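The basis for the numbers below is simple: all heavy atoms, side chains too, and nothing from hydrogens, waters or symmetry mates. In each ligand, atom 1 is the first atom listed, and ligand 1 is the first ligand listed. Position 1 is the first residue of the sequence, and the numbers go up from there.
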Amino acid sequence: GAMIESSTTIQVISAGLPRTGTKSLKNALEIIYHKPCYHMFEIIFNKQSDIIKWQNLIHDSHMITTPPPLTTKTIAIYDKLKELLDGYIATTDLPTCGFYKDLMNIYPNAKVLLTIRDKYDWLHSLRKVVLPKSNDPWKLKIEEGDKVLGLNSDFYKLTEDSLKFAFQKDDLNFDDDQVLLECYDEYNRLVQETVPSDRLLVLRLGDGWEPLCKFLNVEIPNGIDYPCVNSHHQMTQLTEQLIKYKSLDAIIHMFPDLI
Ligand SMILES: O=[N+]([O-])c1cc(N[C@H]2CCN(Cc3ccc(OC(F)(F)F)cc3)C2)ccc1CO
Ligand SMILES: Nc1ncnc2c1ncn2[C@@H]1O[C@H](COP(=O)(O)O)[C@@H](OP(=O)(O)O)[C@H]1O
């Protein structure tokens with residue numbers, strides 16, 4: 001196809017939850033658009049200063065009144081969300097995904113994705129990477145590796161609070177598998193009930209380039225396979241290597257596309 005000059009603004013809002021292919025989608029969107037896509041890894045690697053800003057935004061998010069129409073308090077909140085996302089062409093992952101309805105208002109010409117997968121595979125992946133149970137010894141290795149990156153309790157607070165916001169819960173028993181599974185199913189159901197189908201594409205792990213590129217009116221990137229990154233096995237290796245070498249920069253060349 002012809003090359004066209006794309007606008008550097010949010011063009012794709014992905015409502016999918018963590019551990020549903022968000023990093024592969026981030027990479028895929030950057031391959032298509034040649035500009036950055038937001039993801040938790042963007043916070044970790046480039047924008048740790050944004051942690052407190054997302055936390056403040058979630059703390060105030062209860063004061064959003066669902067437009068239309070648009071109130072003054074909502075506008076203040078929307079301006080800070082637009083500020084956080086300046087320079088990016090898409091959103092994925094926590095902390096953004098729970099804001100999908102508000103992002104649709106701010107970027108009315110953006111299209112919406114939902115990444116989904118088997119609920120038990122999701123929970124297993126989540127327990128291995130994001131939210132190990134309190135008495136799981138792996139949780140201590142996770143925390144040891146994360147300190148190497150400069151991640152502290154405020155990082156974990158943002159994950160917890162952005163998950164609570166996505167699930168619209170005032171509190172959450174993070175160690176309760178039944179609660180998390182029900183929240184996952186209800187969240188994915190609600191996205192599909194809220195977003196007009198003309199503006200939504202539901203992606204399953206393995207769908208690849210074709211449905212995504214058709215939805216976005218772009219050619220399939222030639223000779224580039226659809227990304228497959230961020231498996232829990234890979235994350236386990238990264239945590240262990242962070243622990244062993246005590247720096248990211250010592251090991252970064254061993255994780256090329258993930259990072
Ligand atoms: O949904 N979350 O908020 C969310 C939380 C976490 N959690 C923490 C706790 C386990 N810890 C291990 C870890 C993981 C990735 C790393 O990757 C890199 F350094 F960025 F490359 C380094 C260390 C990271 C991970 C991903 C996400 C969402 O994508
Ligand atoms: N192209 C692909 N095909 C199949 N699975 C994929 C994939 N890209 C990512 N995944 C899976 O998506 C999960 C990561 O999602 P996220 O990037 O949102 O954290 C991982 O699941 P597992 O942990 O079950 O391996 C990873 O293996």
Among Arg117, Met40, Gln234, the residue with a heavy atom nearest to atom 13 (C) of ligand 2 is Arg117

Using heavy atoms and a cut-off under 4.0 Å, could you grab the residues that are in contact with ligand 1, chain by chain, numbers ascending?
-> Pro18, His39, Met40, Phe41, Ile44, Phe45, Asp93, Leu94, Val129, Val130, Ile142, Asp146, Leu149, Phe155, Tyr156, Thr159, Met235, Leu238, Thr239, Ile259

Verify the distance criterion only: is there a donor paired with an acceptor across the side chains of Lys101 and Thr194 at less than 3.5 Å?
-> yes

Considering only the protein, which heavy-atom contact is closest to atom 19 (O) of ligand 2, and what is its distance?
-> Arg19 NH1, 2.9 Å

Which atom names give the shortest non-hydrogen contact between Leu81 and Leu57, and what distance separates them?
-> CD1-CD2, 3.7 Å

CD1 of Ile52 to NZ of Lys157, rounded to nearest 0.5 Å, is 8.5 Å

Between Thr20 and ligand 2, is there a nitrogen or oxygen pair with a distance under 3.5 Å?
-> yes

Which value, rounded to the nearest 0.5 Å, describes the distance between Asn188 atom CG and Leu17 atom CG?
-> 5.5 Å

Does a side-chain N-to-carboxylate-O contact under 4.0 Å join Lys26 and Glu30?
-> yes

Per atom 10 (N) of ligand 2, closest listed option by heavy atom (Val130, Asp225, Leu17, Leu205) = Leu205

Salt bridge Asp177-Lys133, side-chain N to carboxylate O under 4.0 Å = yes

Report, in ascending order of atom number, the atoms of ligand 2 lying under 4.0 Å from any heavy atom of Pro227.
-> 1 (N), 8 (N)

Can you pull out the closest protein heavy atom to atom 8 (N) of ligand 2? Residue, atom name and distance to 0.1 Å, please.
-> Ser24 OG, 2.8 Å

Would you please say whether a donor-acceptor pair under 3.5 Å links the side chains of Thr92 and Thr22?
-> no

Starting from atom 7 (C) of ligand 2, find the nearest protein heavy-atom neighbour and note its residue, name and distance.
-> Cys228 SG, 3.7 Å

What are the two closest heavy atoms between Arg117 and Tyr184, and how far apart are they?
-> O-OH, 2.7 Å

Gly21 N/O to ligand 2 N/O under 3.5 Å | yes

Counting only N and O atoms by type, is there a donor-acceptor contact under 3.5 Å from the side chain of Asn27 to the main-chain atoms of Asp257?
-> yes

Any N or O of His39 that comes nearer than 3.5 Å to an N or O of ligand 2?
-> no

Is any N or O atom of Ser125, backbone or side chain, closer than 3.5 Å to an N or O atom of ligand 2?
-> yes

Flag the pair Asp79 and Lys82 as a salt bridge only when some basic side-chain nitrogen lies within less than 4.0 angstrom of an acidic carboxylate oxygen.
-> no

Among all protein heavy atoms, pick out the one at the shortest distance from atom 14 (C) of ligand 2; state its residue, atom name and that distance to 0.1 Å.
-> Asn230 O, 3.5 Å

Which residue supplies the protein heavy atom nearest to atom 26 (C) of ligand 2, what is that atom called, and how far is it?
-> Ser231 CA, 3.8 Å

Do NZ/NE/NH1/NH2 and the carboxylate oxygens of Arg189 and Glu186 come within less than 4.0 Å?
-> yes

Location of contacts on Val229 toward ligand 2, heavy atoms closer than 4.0 Å | backbone

Flag the pair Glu240 and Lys244 as a salt bridge only when some basic side-chain nitrogen lies within less than 4.0 angstrom of an acidic carboxylate oxygen.
-> no

Can you check whether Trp54 and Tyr38 have ring centres sitting under 6.0 Å from each other?
-> yes

Could you tell me which atoms of ligand 2, counted from 1 in the order shown, lie closer than 4.0 angstrom to a heavy atom of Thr22?
-> 15 (O), 16 (P), 17 (O), 18 (O)

